[PDB]
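Working notes for the structure below.
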Amino acid sequence: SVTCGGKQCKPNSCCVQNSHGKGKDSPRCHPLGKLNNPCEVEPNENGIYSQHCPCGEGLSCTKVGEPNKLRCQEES
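So this is what it looks like as structure tokens:
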């Protein structure tokens, strides 16, 4: 069970910070990253992402560019 912003969210959705510096960390529920899309290995020290979500639909963060342009790629 996922829990973001002091509220439980649906599965296949990571936590993302969407605060503009208001002082109240209020993340939002975003869908898991897809193929040929931008993804990150792991979240911050708190466990939250920026905008996109990590691979969770049968993908795997693989380096395709530089410096560290990690993208989602269906694992073999």
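When we follow the entry's author numbering, the leftmost residue of the sequence shown carries the number 1, and every step to the right adds one.
We treat Cβ as the ideally placed atom computed from N, Cα and C, and that holds for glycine.
Query: Distance, Cα to Cα, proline 27 vs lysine 10?; Result: 14 Å
Query: So who's on the other strand from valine 41, going by DSSP bridges?; Result: For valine 41, which the question treats as bridged, DSSP gives no partner whatsoever.
Query: Please list the terminal residues of the continuous beta strand (DSSP E) segment that includes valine 2.; Result: 2 to 4
Query: May I have the straight-line CA-CA distance separating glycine 6 from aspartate 25, to the nearest angstrom?; Result: 10 Å
Query: Only counting runs of 3 or more residues, tell me where the beta strand (DSSP E) segments fall wholly within the segment 2 to 37, in order along the chain.; Result: 2 to 4, 7 to 9, 13 to 16, 28 to 31
Query: When we look at the beta-carbon of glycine 33 and count the other beta-carbons within 10 Å, is it buried (16 or more) or exposed?; Result: buried
Query: Using a Cβ-Cβ cut-off of 6 Å (strictly less than) and excluding sequence neighbours within five positions of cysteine 72, which residues of its own chain qualify?; Result: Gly33, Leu35, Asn37, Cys39, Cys55, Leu59
Query: Looking at the structure shown, is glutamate 74 part of a helix, part of a strand, or coil, going by DSSP?; Result: strand
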